[PDB]
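A quick write-up on the structure given underneath.
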Amino acid sequence: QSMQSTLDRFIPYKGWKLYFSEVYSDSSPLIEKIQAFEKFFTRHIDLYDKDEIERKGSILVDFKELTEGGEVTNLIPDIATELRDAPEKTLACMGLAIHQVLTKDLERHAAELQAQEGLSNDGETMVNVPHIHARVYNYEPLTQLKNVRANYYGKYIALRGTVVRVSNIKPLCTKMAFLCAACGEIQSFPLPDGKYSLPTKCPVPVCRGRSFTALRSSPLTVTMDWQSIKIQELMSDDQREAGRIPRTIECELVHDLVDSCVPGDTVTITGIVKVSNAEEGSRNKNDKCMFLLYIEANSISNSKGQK
Amino acid sequence: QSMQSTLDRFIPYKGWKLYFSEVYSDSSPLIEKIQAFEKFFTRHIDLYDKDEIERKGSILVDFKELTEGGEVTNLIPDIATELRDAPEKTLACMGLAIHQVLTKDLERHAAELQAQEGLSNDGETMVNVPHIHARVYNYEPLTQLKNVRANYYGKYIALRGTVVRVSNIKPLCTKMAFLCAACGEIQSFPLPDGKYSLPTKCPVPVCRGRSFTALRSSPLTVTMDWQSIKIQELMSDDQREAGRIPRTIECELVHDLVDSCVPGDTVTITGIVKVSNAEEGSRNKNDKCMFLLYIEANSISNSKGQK
Amino acid sequence: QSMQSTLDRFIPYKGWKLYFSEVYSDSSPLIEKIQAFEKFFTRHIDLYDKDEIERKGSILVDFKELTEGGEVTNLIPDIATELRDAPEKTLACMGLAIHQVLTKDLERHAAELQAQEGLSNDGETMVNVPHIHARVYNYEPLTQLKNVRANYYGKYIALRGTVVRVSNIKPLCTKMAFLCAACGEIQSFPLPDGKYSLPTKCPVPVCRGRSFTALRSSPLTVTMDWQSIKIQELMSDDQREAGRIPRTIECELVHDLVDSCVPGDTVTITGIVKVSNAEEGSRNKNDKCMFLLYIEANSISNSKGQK
Amino acid sequence: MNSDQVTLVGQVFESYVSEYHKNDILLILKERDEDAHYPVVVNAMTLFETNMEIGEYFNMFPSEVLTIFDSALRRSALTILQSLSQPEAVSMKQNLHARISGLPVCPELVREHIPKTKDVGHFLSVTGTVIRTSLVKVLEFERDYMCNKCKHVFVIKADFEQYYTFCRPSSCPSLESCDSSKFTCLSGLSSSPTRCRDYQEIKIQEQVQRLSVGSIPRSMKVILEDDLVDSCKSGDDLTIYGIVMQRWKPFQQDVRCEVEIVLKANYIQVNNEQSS
Amino acid sequence: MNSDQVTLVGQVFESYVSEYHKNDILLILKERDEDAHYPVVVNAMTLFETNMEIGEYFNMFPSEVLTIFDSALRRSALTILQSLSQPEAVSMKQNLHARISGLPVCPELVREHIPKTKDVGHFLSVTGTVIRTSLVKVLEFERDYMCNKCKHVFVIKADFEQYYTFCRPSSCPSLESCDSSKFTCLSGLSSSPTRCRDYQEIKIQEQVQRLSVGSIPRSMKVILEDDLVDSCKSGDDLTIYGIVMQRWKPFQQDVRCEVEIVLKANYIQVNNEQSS
Amino acid sequence: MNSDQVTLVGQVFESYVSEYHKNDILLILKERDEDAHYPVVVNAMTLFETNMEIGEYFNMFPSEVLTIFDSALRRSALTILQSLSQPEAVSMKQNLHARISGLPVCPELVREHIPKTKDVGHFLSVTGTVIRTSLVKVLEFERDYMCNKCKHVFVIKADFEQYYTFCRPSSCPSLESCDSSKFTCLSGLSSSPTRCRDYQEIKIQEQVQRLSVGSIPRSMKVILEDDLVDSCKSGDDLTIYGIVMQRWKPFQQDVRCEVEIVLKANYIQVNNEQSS
């Protein structure tokens with residue numbers, strides 16, 4: 001196009017806006033991180049099976065694998081430090097990077113089939129790639145549940161615990177398609193932490209009208225399977241302080257992660273703790289703030305499952 | 001007949017306007033049917049006793065006998081189809097037929113009794129007719145509870161069932177005395193199904209005031225006792241697979257019907273099926289509407305086997 | 001002139017402001033009554049201890065002893081009628097007379113010290129004794145819990161009751177510092193009752209600002225310990241039928257009286273009965289609010305404690 | 001209603017109550033508490049016999065007749081106050097009450113079972129054992145309202161809404177329309193026994209020995225007014241003479257209207273005591 | 001779904017109906033009630049053999065294809081009506097629904113596990129034993145909300161996606177901009193039998209044998225509609241042929257929004273009954 | 001609360017902490033985490049002994065003195081930070097907390113019974129047994145409020161004694177202050193770990209030995225901040241030394257303020273583990 005010679009060169013995803021709410025910035029550290037994650041992913045792609053990854057919509061990656069891969073370590077000196085300070089940014093960077101490797105792999109797929117069998121199109125073929133999000137498991141710190149406090153909030157942490165409870169899968173709308181009343185264009189809006197929100201301004205540049213229509217029916221809306229697991233630290237009675245119940249921290253699963261959890265089984269969940277929604281401080285402005293930490297699982301790793 | 005007194009007299013049924021908003025017309029189909037019912041009612045002098053209609057505000061008609069009569073058959077090729085097609089309209093017209101007879105009969109009786117005394121005992125004669133509802137029982141077409149469906153709704157149905165429970169009698173305001181603030185005048189205002197409503201404007205042409213005050217103290221409000229019975233299809237192994245749940249349908253009972261049947265006794269309940277709002281989300285009717293099927297029962301007859 | 005001299009000339013006591021919000025006037029009869037009570041107190045000064053009264057913040061004065069003293073009898077024929085008709089005014093009056101007597105005794109001691117040797121005070125102690133609530137014991141009329149009623153409220157009465165239980169002491173805001181937002185001027189505002197109230201009137205007469213801000217942190221706010229206790233009618237088989245329902249009255253025990261009573265110990269209570277709005281009041285918020293009988297014990301004498 | 005006839009009813013009542021008053025009248029000066037309000041019990045049958053018109057009026061407008069009876073009782077006390085053996089001995093009570101006993105029995109008048117919607121708004125007699133009695137409570141039976149701008153004092157009795165709530169008046173009493181959110185009260189200004197009058201709530205379960213065992217047992221609220229509170233004993237058969245009346249919850253738009261049959265008791269008599 | 005293709009798909013179905021459903025058409029003539037919901041059972045595999053295009057189309061858009069089949073059914077009924085000596089004798093039902101049976105097994109077409117959000121909009125066959133059956137309710141398929149100024153909106157369908165509830169719109173429903181202050185729902189005051197549709201939810205639960213031991217079987221609500229309703233009974237394993245859908249709770253700003261997985265069932269055939 | 005008195009008292013406090021608790025300050029600095037407020041223990045009786053005047057100031061105005069105490073530990077920590085050879089080994093501490101122990105015996109200074117309102121606002125020693133321990137919750141002790149109109153960033157703490165509820169201030173505290181009708185605050189928009197502090201509630205009641213015979217034990221809320229939370233165990237007796245600050249729900253006009261004497265837990269000792 002006029003703006004960029006290659007759609008990919010200017011923006012890693014050709015459909016950048018739908019995939020990423022954030023706009024591309026050359027200056028921003030996140031784009032460099034995406035490149036490092038991508039390079040690591042390209043090296044690990046041969047091990048990965050493309051078809052399996054495409055159906056899953058997610059790829060499980062060990063934190064140990066991430067640390068071992070050279071490019072990520074070179075670009076950001078400590079992956080772990082980066083994860084605690086900006087958990088969302090790093091997780092998103094990882095997801096875009098794997099998705100980009102997959103888009104490139106899809107382009108490669110088209111090229112190889114065209115070479116193998118003569119095609120009328122012979123190139124010029126649209127390639128369809130499902131959204132892929134990186135999953136991180138076996139995060140190194142492995143902090144205990146008792147340690148978690150107000151300071152711990154906002155930092156990506158790994159929790160060692162046994163889930164005792166599971167919840168029935170509930171589809172959660174990661175993105176809700178929104179059509180402004182005065183504009184033909186409809187754009188999906190990411191819901192922060194799967195929580196309903198309305199953009200003040202319409203995404204389309206030509207019309208900025210506030211009013212929106214929620215197109216749940218439309219394919220543009222994205223629904224991701226979501227699960228909730230209550231995970232409690234497990235300790236020997238002698239090891240634990242006597243007379244105090246083991247702390248239980250709510251954890252959640254998304255996409256392919258869901259349904260890999262069975263109650264009574266020890267599963268390590270790695271992800272970012274978040275201040276609890278629907279609590280009195282959150283619900284009411286000018287109210288006493290009472291909050292609890294709920295941690296998403298970037299990846300699911302089950303010690304019991306591995307056995 | 002511009003004057004209200006003259007119009008009421010000219011019209012065959014004096015209190016019909018209060019009972020029904022709809023205005024009878026020669027062109028309208030309902031009126032010929034009320035005439036047919038009236039001829040049938042007069043022929044069955046034994047069936048209708050004026051005191052009985054006055055006391056309970058109702059008459060009970062065996063449907064088979066009603067269909068058998070030639071006059072209604074002349075008016076409608078099948079009386080049964082019409083009852084199914086327009087249960088409310090046929091009921092209103094049937095109710096009108098008994099009511100017209102009641103108004104004429106009461107007035108005639110008063111005139112005959114007081115002719116010797118004076119012109120109607122030298123005083124105004126007021127009918128003071130009770131609200132008249134036609135109750136039809138022994139309905140020949142019979143539908144089992146499983147059969148009842150959305151298509152069945154809006155048509156008269158006959159079912160056999162056991163009443164699980166009876167509600168405590170609750171006053172329900174059929175009419176509400178309403179004083180327009182500007183008018184300073186209290187008018188009884190019909191409340192649909194004993195559900196609170198506010199008049200948009202004062203009925204009189206001179207006053208258009210929106211504000212209305214509901215005066216409980218004022219005599220104009222009419223309160224009617226309300227009872228609810230739940231009816232469950234009798235479970236028989238021949239009729240249904242053993243352990244099939246009996247469908248349970250609520251019955252709204254008002255006026256004479258209240259306390260009609262002792263619970264735990266199988267009865268034949270004949271009524272027009274109606275829909276009521278079980279819930280509206282959390283008081284948001286426009287956003288969320290939930291409707292639950294229930295059958296309003298015009299007449300409850302003890303089951304023949306039980307008898 | 002400051003007017004301090006005029007204030008001293010019209011009323012010897014300068015503690016009147018603490019005792020009552022009302023600006024005092026010479027015409028009012030309470031000052032004449034104060035002189036009479038104070039004269040009796042001068043006769044009883046030897047019996048009384050100045051230090052004890054000052055630390056206690058209250059004086060134990062027999063109802064009988066006041067009646068016997070001649071000067072008080074001359075001013076008012078019987079103290080008891082004054083006490084019931086206007087319990088608060090009389091209590092303040094007796095306390096003020098005690099304050100005047102106590103201050104005068106101290107002034108005399110300082111004057112004597114000045115005569116013996118040069119004194120910085122040179123007489124004029126300016127003790128500024130804290131408000132003393134006169135506690136009158138052995139009040140002749142006796143009112144039982146069954147006897148107590150709405151008519152009784154507003155009358156000082158002697159009540160005998162048994163404490164079912166003692167609730168946790170809760171601070172009651174006797175006074176609240178209030179700062180006019182525009183003025184920046186803080187006036188301690190006696191809260192009329194436990195319920196929060198705002199004074200539109202500014203402390204300064206010349207500059208008036210309606211807007212006022214509650215200032216609990218400021219020293220002007222006074223919180224008085226209040227003990228909520230429920231006293232059942234004393235139950236004796238000879239006195240009343242066994243198994244009779246107890247009549248229980250909630251009681252307020254402010255100031256010195258807090259915690260004087262012991263649960264399960266019969267205590268003779270002499271106090272004003274004041275009806276108290278139920279906190280819940282009418283469940284649906286309404287102009288009307290529900291009320292419950294309450295008593296405040298001006299004097300507590302423990303029958304169990306002292307036999 | 002012109003109420004000229006009801007006022008005449010009060011005058012007839014005064015002559016009728018004169019005999020009751022002397023026994024009631026005696027010891028009023030003797031009574032220590034002038035503030036205390038004392039009920040005077042007048043037989044309903046006795047009023048009916050003294051004048052058919054007063055009895056019929058009581059059936060037709062029980063609340064109005066009772067208020068007139070109370071005013072007449074006050075007037076009779078004034079006459080008694082005028083003549084006394086000793087000025088100091090005489091006791092004068094500002095508030096006097098009319099309590100009705102031995103009311104005539106008619107099927108509509110006395111119903112063991114729950115009063116119907118047709119029965120509502122009419123005097124009813126209920127025979128039942130009280131399941132539960134709430135504790136003695138006080139209510140602002142009369143509340144003074146003074147609009148600050150109007151500066152005139154006007155008082156309105158509370159209506160029969162749930163909790164016996166009252167609504168603030170739109171206009172000032174002295175020939176003007178003035179509305180104040182804050183209405184000054186005599187009780188607020190200084191303690192007033194008159195403003196606050198005790199009220200009680202009890203629920204009466206109708207006699208279990210109905211003609212039909214199948215018919216549901218019914219519980220009816222009974223409201224005690226003034227001196228009547230605390231007379232009843234829980235778990236005992238109670239004979240209640242009262243005006244059954246609508247109790248109305250605040251109406252909500254497009255929500256089914258609900259009203260309830262609640263008796264306000266003119267007088268309480270213990271059926272269990274009559275039996276024993 | 002190209003429009004010209006849609007007529008062609010209907011034509012293919014119509015020819016297939018003539019050979020396959022002569023008996024079904026005879027049954028349709030026998031029942032005289034058009035309003036009553038009625039099912040014509042078509043074996044999917046044979047129809048798919050007749051038209052390859054129809055088979056592919058069904059998989060991508062089952063709902064659209066079912067609609068085409070229904071339109072073809074009406075056309076087939078009129079031709080049958082003409083073929084019969086008496087048009088009056090043969091009865092044609094407006095509520096005639098093609099029921100898909102004998103689907104060729106495909107992972108998408110037949111999936112044993114409880115359906116997921118990814119599978120929404122795709123036909124699925126799941127054998128289901130229902131733990132809980134909700135009571136029948138009737139919720140209007142279409143509501144006649146009318147914007148008075150516009151005069152163009154009638155029988156607007158209730159939105160299944162928003163928890164099967166229509167949402168009244170402040171903006172005019174019709175494209176023409178003629179907004180009105182008053183919006184009237186004809187259906188709300190009186191619902192036509194056609195306008196309303198039966199609504200039921202059954203908690204289809206995964207068979208224990210299919211799931212791993214020690215793992216809870218998943219349960220999903222299944223919509224039962226029209227004739228199919230009440231065929232299923234709790235505790236009975238019946239194959240459910242249906243298209244997955246999503247039901248959304250009303251969204252609230254600044255709080256999480258809940259989406260619930262659901263399946264609308266095109267056809268119900270009980271495997272337990274088939275096993276006999 | 002004289003400014004000179006607090007300045008003088010602060011200098012003495014700094015000297016006292018350096019002479020006796022320098023090692024404790026070093027230990028508090030040493031732990032790698034600096035985010036939690038760190039307890040620094042001081043002994044009251046010795047402070048009174050060293051300077052008579054400062055001890056009296058502490059008795060007269062403990063809350064202001066406590067802020068000075070806190071500033072003194074922080075200033076002493078800064079001098080210690082300059083002194084320590086290795087920054088890594090002894091980490092800089094973001095925040096510090098102050099504990100006062102060993103109050104000189106006085107009837108007012110140590111009371112077994114719950115603190116009275118007369119002595120509210122005064123440091124005292126109480127002995128209590130924990131009945132209830134609330135689960136740890138995240139509360140932001142300091143909440144950022146930003147004036148949209150003046151574009152100035154300031155921090156306003158959630159008011160203690162308002163049940164920890166922050167209050168919007170339309171006018172900014174700073175000299176460049178413009179009243180803002182609408183407040184846009186980044187801190188309000190996003191929760192921050194630094195803004196939040198650990199909050200727990202401890203209910204402490206008198207020990208059986210402690211309570212007077214025949215008298216019910218009285219329980220007072222204890223507010224634990226940061227490090228104090230989780231130290232306590234339910235069913236474990238505690239010796240609590242703290243200033244008592246009455247805590248109230250925000251009041252409404254004509255509504256009684258529910259205010260309870262609450263002892264801020266300035267110092268926590270386990271009575272059950274050690275009597276002293």
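Chain identifiers are assigned as A, B, and so on, following the order in which chains appear in the structure tokens; residues are numbered from 1 within each chain, and ligands are numbered from 1 in order of appearance.
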Find the residues around residue 45 of chain D up to 6 Å (only C-alpha atoms counted), leave out those fewer than 6 positions away in its own chain, and share them as a PyMOL selection string. chain D and resi 102-104
Residue neighbourhood residue 149 of chain B, 12 Å, only C-alpha atoms, exclusion window fewer than 2 positions, as number ranges by chain: B: 143-147, 151-155, 157, 247, 249, 273-275, 292-295; E: 35-37, 136-140, 193-194, 196-200, 225-230
Skip residue 267 of chain A itself and residues of its chain fewer than 5 positions away, then list as a list in words all residues within 9 Å of it, counting only C-alpha atoms.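 The residues satisfying every condition are residues 160, 161, 162, 163, 231, 261, 262, 300, 301, 302, 303, 304 and 305 of chain A.
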Just the selected residues (N, CA and C atoms), exported as a PDB file, in the first residue's frame, please.
ATOM      1  N   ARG A 160       1.932 -22.477  43.415  1.00  0.00           N
ATOM      2  CA  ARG A 160       1.973 -23.918  43.579  1.00  0.00           C
ATOM      3  C   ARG A 160       0.799 -24.322  44.446  1.00  0.00           C
ATOM      4  N   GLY A 161      -0.131 -25.085  43.882  1.00  0.00           N
ATOM      5  CA  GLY A 161      -1.323 -25.454  44.625  1.00  0.00           C
ATOM      6  C   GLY A 161      -2.111 -26.629  44.090  1.00  0.00           C
ATOM      7  N   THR A 162      -3.058 -27.124  44.873  1.00  0.00           N
ATOM      8  CA  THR A 162      -3.917 -28.198  44.402  1.00  0.00           C
ATOM      9  C   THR A 162      -5.310 -27.625  44.209  1.00  0.00           C
ATOM     10  N   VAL A 163      -5.852 -27.734  43.000  1.00  0.00           N
ATOM     11  CA  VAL A 163      -7.219 -27.274  42.785  1.00  0.00           C
ATOM     12  C   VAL A 163      -8.160 -28.224  43.499  1.00  0.00           C
ATOM     13  N   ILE A 231      -7.997 -22.858  43.631  1.00  0.00           N
ATOM     14  CA  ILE A 231      -6.762 -23.563  43.943  1.00  0.00           C
ATOM     15  C   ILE A 231      -6.264 -23.209  45.330  1.00  0.00           C
ATOM     16  N   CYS A 261      -8.619 -29.383  33.704  1.00  0.00           N
ATOM     17  CA  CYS A 261      -8.496 -29.370  35.154  1.00  0.00           C
ATOM     18  C   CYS A 261      -9.514 -30.246  35.855  1.00  0.00           C
ATOM     19  N   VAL A 262      -9.045 -31.067  36.786  1.00  0.00           N
ATOM     20  CA  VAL A 262      -9.933 -31.959  37.524  1.00  0.00           C
ATOM     21  C   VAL A 262      -9.775 -31.645  39.015  1.00  0.00           C
ATOM     22  N   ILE A 300      -1.594 -24.058  31.565  1.00  0.00           N
ATOM     23  CA  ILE A 300      -2.003 -25.035  32.563  1.00  0.00           C
ATOM     24  C   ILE A 300      -0.996 -26.177  32.602  1.00  0.00           C
ATOM     25  N   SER A 301      -0.414 -26.419  33.767  1.00  0.00           N
ATOM     26  CA  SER A 301       0.493 -27.545  33.893  1.00  0.00           C
ATOM     27  C   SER A 301       0.043 -28.361  35.077  1.00  0.00           C
ATOM     28  N   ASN A 302      -0.255 -29.635  34.866  1.00  0.00           N
ATOM     29  CA  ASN A 302      -0.771 -30.435  35.963  1.00  0.00           C
ATOM     30  C   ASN A 302       0.262 -31.423  36.441  1.00  0.00           C
ATOM     31  N   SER A 303       0.699 -31.276  37.685  1.00  0.00           N
ATOM     32  CA  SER A 303       1.638 -32.236  38.245  1.00  0.00           C
ATOM     33  C   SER A 303       0.975 -33.595  38.350  1.00  0.00           C
ATOM     34  N   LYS A 304      -0.286 -33.610  38.767  1.00  0.00           N
ATOM     35  CA  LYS A 304      -1.019 -34.862  38.866  1.00  0.00           C
ATOM     36  C   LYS A 304      -1.192 -35.506  37.502  1.00  0.00           C
ATOM     37  N   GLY A 305      -1.496 -34.699  36.491  1.00  0.00           N
ATOM     38  CA  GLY A 305      -1.644 -35.229  35.150  1.00  0.00           C
ATOM     39  C   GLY A 305      -0.350 -35.815  34.634  1.00  0.00           C
TER      40      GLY A 305
END
If chain C is superposed onto chain B by least squares using every Cα atom in order, what is the RMSD, in Å to one decimal?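 C-alpha RMSD after optimal superposition stands at 2.8 Å.
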Give me every alpha helix (DSSP H) residue in segment 18-105 of chain B, going by DSSP on the backbone, as a count of residues only. 61
Can you list, as JSON, numbers by chain, all residues belonging to segment 123-247 of chain D that DSSP tags as strand (DSSP E or B)? {"D": [123, 124, 125, 126, 127, 128, 129, 130, 131, 132, 133, 137, 138, 139, 142, 143, 144, 145, 146, 153, 154, 155, 156, 157, 161, 197, 198, 199, 200, 201, 202, 203, 204, 205, 206, 219, 220, 221, 222, 223, 224, 225, 237, 238, 239, 240, 241, 242, 243, 244, 245, 246, 247]}
Counting only C-alpha atoms, which residues of chain A fall within 6 Å of chain F, and what is the closest atom pair for each with its distance in Å at one decimal, ordered by chain and rising number, as a tab-separated table?
residue	atom	partner	partner_atom	distance
A:150	CA	F:193	CA	5.6
A:151	CA	F:193	CA	5.3
A:153	CA	F:193	CA	5.7
A:286	CA	F:166	CA	5.4
A:287	CA	F:165	CA	5.1
A:288	CA	F:165	CA	4.6
A:289	CA	F:139	CA	4.9
A:290	CA	F:137	CA	5.3
A:291	CA	F:138	CA	4.6
A:292	CA	F:137	CA	5.8
Spatial neighbours of residue 190 of chain A, 12 Å, only C-alpha atoms, chain gap at least 3 places, as an NGL selection string: :A and (17-22 or 172-178 or 187 or 193-199 or 203 or 220-224)
Output the selection as a tab-separated table (two decimals), in the first residue's frame - N, CA, C and O atoms for each residue.
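File selection-v6.tsv, as written:
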chain	number	residue	atom	x	y	z
A	17	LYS	N	-5.27	-3.93	13.84
A	17	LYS	CA	-6.22	-3.32	14.76
A	17	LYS	C	-7.18	-4.29	15.42
A	17	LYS	O	-7.45	-4.18	16.62
A	18	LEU	N	-7.70	-5.25	14.66
A	18	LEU	CA	-8.58	-6.24	15.27
A	18	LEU	C	-7.84	-7.12	16.27
A	18	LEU	O	-8.35	-7.37	17.37
A	19	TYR	N	-6.65	-7.59	15.91
A	19	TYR	CA	-5.88	-8.41	16.84
A	19	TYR	C	-5.40	-7.65	18.05
A	19	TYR	O	-5.52	-8.14	19.18
A	20	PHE	N	-4.87	-6.46	17.84
A	20	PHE	CA	-4.30	-5.70	18.94
A	20	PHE	C	-4.95	-4.35	19.09
A	20	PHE	O	-4.94	-3.55	18.16
A	21	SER	N	-5.47	-4.06	20.28
A	21	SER	CA	-6.06	-2.76	20.53
A	21	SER	C	-4.99	-1.70	20.43
A	21	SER	O	-5.22	-0.63	19.86
A	22	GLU	N	-3.82	-1.99	20.97
A	22	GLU	CA	-2.72	-1.04	20.92
A	22	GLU	C	-2.24	-0.81	19.50
A	22	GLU	O	-2.18	-1.73	18.70
A	172	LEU	N	-16.94	-16.74	27.58
A	172	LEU	CA	-16.70	-15.37	28.03
A	172	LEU	C	-16.39	-14.56	26.80
A	172	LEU	O	-15.58	-14.98	25.98
A	173	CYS	N	-16.99	-13.39	26.66
A	173	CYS	CA	-16.78	-12.64	25.44
A	173	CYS	C	-15.50	-11.88	25.54
A	173	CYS	O	-15.43	-10.85	26.21
A	174	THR	N	-14.45	-12.38	24.90
A	174	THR	CA	-13.20	-11.66	24.88
A	174	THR	C	-13.36	-10.39	24.09
A	174	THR	O	-12.89	-9.33	24.50
A	175	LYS	N	-14.05	-10.48	22.96
A	175	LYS	CA	-14.28	-9.31	22.13
A	175	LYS	C	-15.75	-9.21	21.81
A	175	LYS	O	-16.37	-10.20	21.44
A	176	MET	N	-16.33	-8.02	21.94
A	176	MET	CA	-17.72	-7.86	21.54
A	176	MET	C	-17.80	-6.92	20.36
A	176	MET	O	-17.35	-5.78	20.44
A	177	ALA	N	-18.37	-7.40	19.26
A	177	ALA	CA	-18.46	-6.57	18.06
A	177	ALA	C	-19.39	-5.41	18.32
A	177	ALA	O	-20.49	-5.58	18.84
A	178	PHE	N	-18.95	-4.22	17.94
A	178	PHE	CA	-19.75	-3.03	18.17
A	178	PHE	C	-19.97	-2.26	16.89
A	178	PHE	O	-19.00	-1.89	16.22
A	187	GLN	N	-16.69	-2.88	14.59
A	187	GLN	CA	-15.40	-3.34	15.10
A	187	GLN	C	-15.52	-4.00	16.47
A	187	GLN	O	-16.12	-3.45	17.38
A	193	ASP	N	-10.28	-7.79	30.87
A	193	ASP	CA	-10.49	-8.90	31.82
A	193	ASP	C	-11.86	-9.57	31.66
A	193	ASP	O	-12.47	-9.99	32.64
A	194	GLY	N	-12.33	-9.70	30.42
A	194	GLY	CA	-13.64	-10.27	30.18
A	194	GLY	C	-14.75	-9.51	30.89
A	194	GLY	O	-15.72	-10.11	31.34
A	195	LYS	N	-14.63	-8.19	30.97
A	195	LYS	CA	-15.62	-7.39	31.67
A	195	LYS	C	-16.20	-6.38	30.70
A	195	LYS	O	-15.46	-5.71	29.99
A	196	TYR	N	-17.53	-6.27	30.67
A	196	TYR	CA	-18.16	-5.39	29.69
A	196	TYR	C	-17.77	-3.94	29.83
A	196	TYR	O	-17.77	-3.40	30.93
A	197	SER	N	-17.44	-3.32	28.71
A	197	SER	CA	-17.09	-1.91	28.71
A	197	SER	C	-17.54	-1.33	27.39
A	197	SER	O	-17.70	-2.07	26.41
A	198	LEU	N	-17.77	-0.02	27.33
A	198	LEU	CA	-18.14	0.61	26.07
A	198	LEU	C	-17.10	1.64	25.69
A	198	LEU	O	-16.74	2.49	26.50
A	199	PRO	N	-16.60	1.58	24.45
A	199	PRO	CA	-15.67	2.63	24.02
A	199	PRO	C	-16.37	3.97	23.95
A	199	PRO	O	-17.50	4.05	23.48
A	203	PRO	N	-14.60	3.33	16.74
A	203	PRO	CA	-13.28	3.04	16.16
A	203	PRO	C	-13.11	3.62	14.77
A	203	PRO	O	-12.02	4.08	14.44
A	220	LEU	N	-18.10	-11.54	14.00
A	220	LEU	CA	-17.05	-10.63	14.44
A	220	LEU	C	-16.88	-10.72	15.95
A	220	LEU	O	-15.76	-10.63	16.44
A	221	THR	N	-17.97	-10.88	16.69
A	221	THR	CA	-17.85	-11.05	18.13
A	221	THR	C	-17.04	-12.30	18.42
A	221	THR	O	-17.22	-13.33	17.77
A	222	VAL	N	-16.14	-12.21	19.39
A	222	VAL	CA	-15.31	-13.36	19.74
A	222	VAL	C	-15.65	-13.87	21.13
A	222	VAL	O	-15.59	-13.12	22.10
A	223	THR	N	-15.99	-15.14	21.22
A	223	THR	CA	-16.29	-15.73	22.52
A	223	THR	C	-15.23	-16.77	22.81
A	223	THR	O	-14.92	-17.59	21.95
A	224	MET	N	-14.67	-16.72	24.00
A	224	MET	CA	-13.64	-17.68	24.37
A	224	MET	C	-14.12	-18.50	25.55
A	224	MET	O	-14.62	-17.95	26.53
Selected residue, from F:106, F:144, F:131, F:254, that lies nearest to chain D when counting only C-alpha atoms: F:254
